[PDB]
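Structure file final.csv with CSV, N, CA and C atoms:
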```
chain,number,residue,atom,x,y,z
A,1,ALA,N,4.1,9.6,-48.6
A,1,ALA,CA,3.6,8.2,-48.9
A,1,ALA,C,3.0,7.5,-47.7
A,2,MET,N,2.1,8.1,-47.0
A,2,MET,CA,1.5,7.5,-45.8
A,2,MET,C,0.8,6.1,-46.1
A,3,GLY,N,1.1,5.1,-45.3
A,3,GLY,CA,0.5,3.8,-45.5
A,3,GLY,C,-0.9,3.7,-45.0
A,4,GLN,N,-1.5,2.4,-45.3
A,4,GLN,CA,-2.9,2.2,-45.1
A,4,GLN,C,-3.4,2.3,-43.6
A,5,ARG,N,-2.6,1.6,-42.7
A,5,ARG,CA,-3.0,1.6,-41.3
A,5,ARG,C,-3.1,3.1,-40.8
A,6,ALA,N,-2.0,3.8,-41.0
A,6,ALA,CA,-1.9,5.2,-40.5
A,6,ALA,C,-3.0,6.1,-41.2
A,7,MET,N,-3.2,5.9,-42.5
A,7,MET,CA,-4.3,6.6,-43.2
A,7,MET,C,-5.7,6.3,-42.6
A,8,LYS,N,-6.0,5.0,-42.4
A,8,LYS,CA,-7.3,4.7,-41.9
A,8,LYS,C,-7.5,5.3,-40.5
A,9,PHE,N,-6.4,5.2,-39.6
A,9,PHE,CA,-6.5,5.7,-38.3
A,9,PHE,C,-6.8,7.2,-38.4
A,10,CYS,N,-6.1,8.0,-39.2
A,10,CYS,CA,-6.2,9.4,-39.3
A,10,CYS,C,-7.6,9.8,-39.8
A,11,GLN,N,-8.1,9.1,-40.8
A,11,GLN,CA,-9.4,9.4,-41.3
A,11,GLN,C,-10.5,9.1,-40.2
A,12,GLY,N,-10.2,8.1,-39.4
A,12,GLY,CA,-11.1,7.8,-38.3
A,12,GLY,C,-11.1,8.9,-37.3
A,13,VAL,N,-10.0,9.5,-36.9
A,13,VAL,CA,-9.9,10.6,-36.0
A,13,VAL,C,-10.7,11.8,-36.6
A,14,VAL,N,-10.4,12.1,-37.8
A,14,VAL,CA,-11.1,13.3,-38.4
A,14,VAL,C,-12.6,13.1,-38.5
A,15,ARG,N,-13.0,11.9,-39.0
A,15,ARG,CA,-14.4,11.6,-39.0
A,15,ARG,C,-15.1,11.7,-37.7
A,16,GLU,N,-14.4,11.2,-36.6
A,16,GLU,CA,-14.9,11.4,-35.3
A,16,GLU,C,-15.1,12.9,-34.9
A,17,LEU,N,-14.1,13.7,-35.2
A,17,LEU,CA,-14.1,15.1,-34.8
A,17,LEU,C,-15.2,15.9,-35.6
A,18,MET,N,-15.5,15.5,-36.8
A,18,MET,CA,-16.5,16.1,-37.6
A,18,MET,C,-17.9,15.5,-37.4
A,19,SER,N,-18.1,14.5,-36.5
A,19,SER,CA,-19.3,13.8,-36.5
A,19,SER,C,-20.4,14.7,-35.8
A,20,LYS,N,-21.7,14.4,-36.2
A,20,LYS,CA,-22.9,15.2,-35.8
A,20,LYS,C,-23.0,15.1,-34.3
A,21,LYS,N,-22.6,14.0,-33.6
A,21,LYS,CA,-22.6,13.8,-32.2
A,21,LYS,C,-22.0,15.1,-31.5
A,22,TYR,N,-21.0,15.8,-32.1
A,22,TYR,CA,-20.4,16.9,-31.5
A,22,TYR,C,-20.8,18.2,-32.2
A,23,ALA,N,-21.9,18.2,-33.0
A,23,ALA,CA,-22.4,19.4,-33.7
A,23,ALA,C,-22.5,20.6,-32.9
A,24,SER,N,-22.9,20.5,-31.6
A,24,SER,CA,-23.1,21.7,-30.8
A,24,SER,C,-21.9,22.5,-30.6
A,25,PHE,N,-20.7,21.9,-30.7
A,25,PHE,CA,-19.4,22.7,-30.6
A,25,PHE,C,-18.4,22.4,-31.6
A,26,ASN,N,-18.6,21.6,-32.6
A,26,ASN,CA,-17.6,21.4,-33.7
A,26,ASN,C,-17.9,22.3,-34.9
A,27,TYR,N,-19.1,22.9,-35.0
A,27,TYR,CA,-19.4,23.6,-36.3
A,27,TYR,C,-18.5,24.7,-36.6
A,28,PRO,N,-17.8,25.4,-35.7
A,28,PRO,CA,-16.9,26.5,-36.2
A,28,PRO,C,-15.6,25.9,-36.8
A,29,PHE,N,-15.4,24.6,-36.8
A,29,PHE,CA,-14.1,24.0,-37.2
A,29,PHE,C,-14.2,23.1,-38.4
A,30,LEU,N,-15.4,23.1,-39.1
A,30,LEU,CA,-15.7,22.2,-40.2
A,30,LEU,C,-15.2,22.6,-41.5
A,31,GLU,N,-15.2,23.9,-41.7
A,31,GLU,CA,-14.9,24.6,-43.0
A,31,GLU,C,-14.0,25.7,-42.8
A,32,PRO,N,-13.3,26.2,-43.9
A,32,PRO,CA,-12.4,27.4,-43.8
A,32,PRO,C,-13.1,28.6,-43.3
A,33,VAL,N,-12.4,29.3,-42.4
A,33,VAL,CA,-12.8,30.6,-41.9
A,33,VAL,C,-13.0,31.5,-43.1
A,34,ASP,N,-14.1,32.3,-43.2
A,34,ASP,CA,-14.3,33.3,-44.1
A,34,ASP,C,-14.4,34.7,-43.3
A,35,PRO,N,-13.3,35.5,-43.3
A,35,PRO,CA,-13.3,36.6,-42.4
A,35,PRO,C,-14.4,37.6,-42.6
A,36,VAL,N,-14.7,38.0,-43.8
A,36,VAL,CA,-15.7,38.9,-44.1
A,36,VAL,C,-17.1,38.3,-43.7
A,37,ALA,N,-17.4,37.1,-44.2
A,37,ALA,CA,-18.7,36.6,-44.0
A,37,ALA,C,-19.0,36.4,-42.5
A,38,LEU,N,-17.9,36.1,-41.7
A,38,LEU,CA,-18.1,35.9,-40.3
A,38,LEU,C,-17.9,37.2,-39.5
A,39,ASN,N,-17.8,38.3,-40.2
A,39,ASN,CA,-17.5,39.6,-39.5
A,39,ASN,C,-16.4,39.6,-38.6
A,40,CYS,N,-15.3,38.9,-39.0
A,40,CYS,CA,-14.0,39.0,-38.3
A,40,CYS,C,-12.9,39.4,-39.3
A,41,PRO,N,-13.0,40.6,-39.8
A,41,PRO,CA,-12.1,40.9,-41.0
A,41,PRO,C,-10.6,41.0,-40.6
A,42,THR,N,-10.2,41.0,-39.4
A,42,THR,CA,-8.8,41.0,-39.0
A,42,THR,C,-8.2,39.6,-38.7
A,43,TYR,N,-9.0,38.6,-39.0
A,43,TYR,CA,-8.6,37.2,-38.7
A,43,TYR,C,-7.2,36.9,-39.2
A,44,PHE,N,-6.8,37.3,-40.4
A,44,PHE,CA,-5.5,37.0,-40.9
A,44,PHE,C,-4.4,37.9,-40.5
A,45,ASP,N,-4.7,38.8,-39.5
A,45,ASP,CA,-3.6,39.5,-38.8
A,45,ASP,C,-3.1,38.6,-37.6
A,46,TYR,N,-3.9,37.6,-37.3
A,46,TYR,CA,-3.6,36.8,-36.2
A,46,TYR,C,-3.2,35.3,-36.6
A,47,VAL,N,-3.7,34.9,-37.8
A,47,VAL,CA,-3.6,33.6,-38.2
A,47,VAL,C,-2.9,33.6,-39.6
A,48,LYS,N,-1.9,32.8,-39.8
A,48,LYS,CA,-1.1,32.8,-41.1
A,48,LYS,C,-1.2,31.4,-41.8
A,49,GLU,N,-1.6,30.4,-41.1
A,49,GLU,CA,-1.9,29.1,-41.8
A,49,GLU,C,-3.3,28.6,-41.4
A,50,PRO,N,-4.3,29.0,-42.1
A,50,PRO,CA,-5.7,28.6,-41.8
A,50,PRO,C,-5.7,27.0,-41.9
A,51,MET,N,-6.5,26.4,-41.0
A,51,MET,CA,-6.7,25.0,-41.1
A,51,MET,C,-8.1,24.7,-40.5
A,52,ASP,N,-8.8,23.7,-41.1
A,52,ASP,CA,-10.1,23.3,-40.6
A,52,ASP,C,-10.2,21.8,-40.8
A,53,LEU,N,-11.2,21.1,-40.2
A,53,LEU,CA,-11.3,19.7,-40.3
A,53,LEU,C,-11.6,19.2,-41.7
A,54,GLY,N,-12.5,19.9,-42.4
A,54,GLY,CA,-12.7,19.5,-43.8
A,54,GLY,C,-11.4,19.6,-44.6
A,55,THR,N,-10.5,20.5,-44.4
A,55,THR,CA,-9.3,20.6,-45.1
A,55,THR,C,-8.3,19.5,-44.8
A,56,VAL,N,-8.2,19.1,-43.5
A,56,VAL,CA,-7.4,18.0,-43.1
A,56,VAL,C,-7.9,16.7,-43.8
A,57,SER,N,-9.3,16.6,-43.8
A,57,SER,CA,-9.8,15.4,-44.5
A,57,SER,C,-9.5,15.4,-46.0
A,58,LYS,N,-9.6,16.5,-46.7
A,58,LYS,CA,-9.2,16.5,-48.1
A,58,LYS,C,-7.7,16.2,-48.3
A,59,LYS,N,-6.8,16.8,-47.4
A,59,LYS,CA,-5.4,16.6,-47.6
A,59,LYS,C,-5.0,15.1,-47.4
A,60,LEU,N,-5.6,14.5,-46.3
A,60,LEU,CA,-5.6,13.1,-46.1
A,60,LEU,C,-6.0,12.3,-47.3
A,61,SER,N,-7.1,12.6,-47.9
A,61,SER,CA,-7.6,11.8,-49.0
A,61,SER,C,-6.7,12.0,-50.3
A,62,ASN,N,-6.0,13.1,-50.3
A,62,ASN,CA,-5.1,13.4,-51.4
A,62,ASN,C,-3.7,13.0,-51.2
A,63,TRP,N,-3.5,12.2,-50.1
A,63,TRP,CA,-2.2,11.6,-49.8
A,63,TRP,C,-1.1,12.8,-49.6
A,64,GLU,N,-1.6,13.9,-48.9
A,64,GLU,CA,-0.7,15.0,-48.7
A,64,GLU,C,0.1,14.9,-47.4
A,65,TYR,N,-0.2,14.0,-46.5
A,65,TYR,CA,0.5,13.8,-45.3
A,65,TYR,C,1.5,12.7,-45.5
A,66,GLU,N,2.8,13.0,-45.2
A,66,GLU,CA,3.8,12.0,-45.2
A,66,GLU,C,3.7,11.0,-44.1
A,67,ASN,N,3.2,11.4,-42.9
A,67,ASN,CA,3.3,10.6,-41.7
A,67,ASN,C,2.3,11.2,-40.7
A,68,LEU,N,2.1,10.4,-39.6
A,68,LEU,CA,1.1,10.8,-38.5
A,68,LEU,C,1.5,12.1,-37.8
A,69,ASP,N,2.7,12.3,-37.5
A,69,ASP,CA,3.1,13.5,-36.8
A,69,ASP,C,2.7,14.7,-37.6
A,70,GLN,N,2.9,14.6,-39.0
A,70,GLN,CA,2.5,15.8,-39.8
A,70,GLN,C,1.0,16.0,-39.8
A,71,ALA,N,0.2,14.9,-39.8
A,71,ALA,CA,-1.2,15.0,-39.7
A,71,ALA,C,-1.6,15.6,-38.4
A,72,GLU,N,-1.0,15.1,-37.3
A,72,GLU,CA,-1.3,15.6,-36.0
A,72,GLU,C,-1.2,17.1,-35.9
A,73,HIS,N,-0.1,17.6,-36.5
A,73,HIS,CA,0.2,19.0,-36.5
A,73,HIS,C,-0.8,19.9,-37.2
A,74,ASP,N,-1.3,19.4,-38.4
A,74,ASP,CA,-2.3,20.2,-39.0
A,74,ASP,C,-3.6,20.2,-38.2
A,75,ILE,N,-4.0,19.1,-37.6
A,75,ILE,CA,-5.2,19.1,-36.7
A,75,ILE,C,-4.9,20.0,-35.5
A,76,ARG,N,-3.8,20.0,-34.9
A,76,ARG,CA,-3.5,20.8,-33.8
A,76,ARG,C,-3.5,22.3,-34.1
A,77,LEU,N,-3.1,22.7,-35.4
A,77,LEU,CA,-3.2,24.0,-35.9
A,77,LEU,C,-4.6,24.6,-35.9
A,78,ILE,N,-5.6,23.7,-36.1
A,78,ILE,CA,-7.0,24.1,-36.0
A,78,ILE,C,-7.3,24.8,-34.7
A,79,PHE,N,-6.8,24.2,-33.6
A,79,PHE,CA,-7.0,24.7,-32.3
A,79,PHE,C,-6.0,25.8,-31.9
A,80,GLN,N,-4.8,25.8,-32.3
A,80,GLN,CA,-3.9,27.0,-32.1
A,80,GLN,C,-4.5,28.2,-32.8
A,81,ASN,N,-5.0,28.1,-34.0
A,81,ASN,CA,-5.6,29.2,-34.7
A,81,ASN,C,-6.8,29.7,-33.9
A,82,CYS,N,-7.6,28.8,-33.4
A,82,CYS,CA,-8.8,29.2,-32.6
A,82,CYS,C,-8.4,30.1,-31.4
A,83,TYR,N,-7.4,29.6,-30.6
A,83,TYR,CA,-7.0,30.4,-29.4
A,83,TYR,C,-6.1,31.6,-29.8
A,84,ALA,N,-5.5,31.6,-31.0
A,84,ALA,CA,-4.8,32.8,-31.4
A,84,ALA,C,-5.7,34.0,-31.6
A,85,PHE,N,-7.0,33.7,-32.0
A,85,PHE,CA,-7.9,34.8,-32.4
A,85,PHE,C,-9.1,34.9,-31.4
A,86,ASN,N,-9.4,33.9,-30.7
A,86,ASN,CA,-10.6,33.9,-29.8
A,86,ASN,C,-10.0,33.9,-28.3
A,87,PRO,N,-10.2,34.9,-27.6
A,87,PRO,CA,-9.7,35.0,-26.2
A,87,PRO,C,-10.3,33.9,-25.3
A,88,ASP,N,-9.7,33.7,-24.2
A,88,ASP,CA,-10.2,32.8,-23.1
A,88,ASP,C,-11.6,33.3,-22.7
A,89,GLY,N,-12.5,32.3,-22.4
A,89,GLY,CA,-13.8,32.7,-22.0
A,89,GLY,C,-14.8,33.0,-23.1
A,90,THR,N,-14.3,33.2,-24.3
A,90,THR,CA,-15.3,33.4,-25.4
A,90,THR,C,-15.9,32.0,-25.8
A,91,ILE,N,-17.1,32.1,-26.4
A,91,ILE,CA,-17.8,30.8,-26.7
A,91,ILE,C,-16.9,29.9,-27.7
A,92,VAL,N,-16.4,30.5,-28.7
A,92,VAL,CA,-15.7,29.8,-29.7
A,92,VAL,C,-14.4,29.2,-29.1
A,93,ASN,N,-13.7,29.9,-28.3
A,93,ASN,CA,-12.6,29.4,-27.6
A,93,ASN,C,-12.9,28.2,-26.8
A,94,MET,N,-14.1,28.2,-26.1
A,94,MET,CA,-14.4,27.1,-25.2
A,94,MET,C,-14.9,25.9,-26.0
A,95,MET,N,-15.5,26.1,-27.2
A,95,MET,CA,-15.8,25.1,-28.1
A,95,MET,C,-14.6,24.4,-28.6
A,96,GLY,N,-13.6,25.2,-29.0
A,96,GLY,CA,-12.3,24.7,-29.4
A,96,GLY,C,-11.6,23.8,-28.3
A,97,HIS,N,-11.6,24.2,-27.1
A,97,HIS,CA,-11.0,23.4,-26.0
A,97,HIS,C,-11.8,22.1,-25.9
A,98,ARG,N,-13.2,22.1,-26.0
A,98,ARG,CA,-14.0,20.9,-25.9
A,98,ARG,C,-13.7,19.9,-27.0
A,99,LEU,N,-13.5,20.4,-28.2
A,99,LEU,CA,-13.2,19.6,-29.3
A,99,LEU,C,-11.8,19.1,-29.2
A,100,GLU,N,-10.9,19.9,-28.7
A,100,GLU,CA,-9.5,19.5,-28.6
A,100,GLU,C,-9.4,18.4,-27.6
A,101,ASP,N,-10.2,18.5,-26.5
A,101,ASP,CA,-10.3,17.4,-25.5
A,101,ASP,C,-10.5,16.1,-26.1
A,102,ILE,N,-11.5,16.0,-27.1
A,102,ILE,CA,-11.8,14.8,-27.8
A,102,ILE,C,-10.6,14.4,-28.7
A,103,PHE,N,-10.0,15.3,-29.4
A,103,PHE,CA,-8.8,15.0,-30.2
A,103,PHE,C,-7.7,14.4,-29.4
A,104,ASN,N,-7.4,14.9,-28.2
A,104,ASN,CA,-6.4,14.4,-27.4
A,104,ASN,C,-6.6,12.9,-27.0
A,105,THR,N,-7.9,12.7,-26.6
A,105,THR,CA,-8.3,11.3,-26.3
A,105,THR,C,-8.1,10.4,-27.5
A,106,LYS,N,-8.6,10.8,-28.6
A,106,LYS,CA,-8.6,9.9,-29.8
A,106,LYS,C,-7.1,9.7,-30.3
A,107,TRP,N,-6.3,10.7,-30.2
A,107,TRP,CA,-5.0,10.7,-30.9
A,107,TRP,C,-4.1,9.8,-30.1
A,108,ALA,N,-4.3,9.5,-28.8
A,108,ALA,CA,-3.4,8.7,-28.1
A,108,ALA,C,-3.4,7.2,-28.6
A,109,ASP,N,-4.4,6.8,-29.4
A,109,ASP,CA,-4.5,5.5,-30.0
A,109,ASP,C,-3.6,5.3,-31.2
A,110,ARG,N,-2.9,6.3,-31.6
A,110,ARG,CA,-2.2,6.3,-32.9
A,110,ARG,C,-1.3,5.1,-33.0
A,111,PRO,N,-1.1,4.5,-34.1
A,111,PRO,CA,0.0,3.4,-34.3
A,111,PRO,C,1.3,4.0,-33.9
A,112,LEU,N,2.2,3.2,-33.3
A,112,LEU,CA,3.5,3.6,-33.0
A,112,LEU,C,4.2,4.1,-34.2
A,113,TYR,N,4.1,3.3,-35.3
A,113,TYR,CA,4.8,3.5,-36.6
A,113,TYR,C,3.8,4.0,-37.6
A,114,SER,N,4.2,5.0,-38.3
A,114,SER,CA,3.5,5.6,-39.4
A,114,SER,C,3.9,4.9,-40.6
A,115,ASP,N,3.1,4.0,-41.1
A,115,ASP,CA,3.6,3.1,-42.2
A,115,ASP,C,3.7,3.9,-43.5
A,116,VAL,N,4.4,3.4,-44.4
A,116,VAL,CA,4.7,4.1,-45.7
A,116,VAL,C,4.3,3.3,-46.9
```

Do you think you could lay out the structure here as structure tokens?
Amino acid sequence: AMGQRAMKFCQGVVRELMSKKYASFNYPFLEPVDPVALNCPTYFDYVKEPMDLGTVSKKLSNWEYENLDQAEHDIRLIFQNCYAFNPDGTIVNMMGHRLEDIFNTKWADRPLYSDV
């Protein structure tokens, strides 16, 4: 039962991370990974909870997050999944760190209280 202030804040963070301003490095994180189409057929030997920014935005809009900590964890999972499958130094790994850098900056503005 997340409240309006927390909801608006979260949607704002997700909207920021998906915005075209970051298109040159956020495009791997906008939609669900498709292992076969991306020629990474072993993706789900490394990842067991897929998450992407579009999915966080849908769960948000469907009132599926109880509170801000829960939302933060789904967003953070996008990047843990990235590093679980893409080694250091690869392009997608580095894109993930750059987008996470922005997430870290934006998330520190969160309301102290996750209203209900």

**Study point:** Which of chain A fall in alpha helix (DSSP H), as JSON, numbers by chain
**Key:** {"A": [4, 5, 6, 7, 8, 9, 10, 11, 12, 13, 14, 15, 16, 17, 23, 24, 25, 26, 43, 44, 45, 46, 53, 54, 55, 56, 57, 58, 59, 60, 61, 68, 69, 70, 71, 72, 73, 74, 75, 76, 77, 78, 79, 80, 81, 82, 83, 84, 85, 91, 92, 93, 94, 95, 96, 97, 98, 99, 100, 101, 102, 103, 104, 105, 106, 107]}

Exercise for review: Excluding residue 18 of chain A and any residue of its chain fewer than 5 positions from it, enumerate the residues within 8 Å of it, using only C-alpha atoms, and give them as a PyMOL selection string.
Suggested key: chain A and resi 23+26+30+53

Check your understanding: Which distance in Å separates atom C of residue 95 of chain A and atom C of residue 7 of chain A, to one decimal?
Key ->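 Atom-to-atom, atom C of residue 95 of chain A and atom C of residue 7 of chain A are spaced 24.6 Å apart.
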
Point to revise | Distance criterion (only C-alpha atoms): nearest to residue 103 of chain A out of A:82, A:71, A:14, A:51 | key: A:14

Practice item. Measuring atom to atom with only N, CA and C atoms, identify which of A:114, A:81, A:86, A:57 is nearest to residue 15 of chain A. Key: A:57
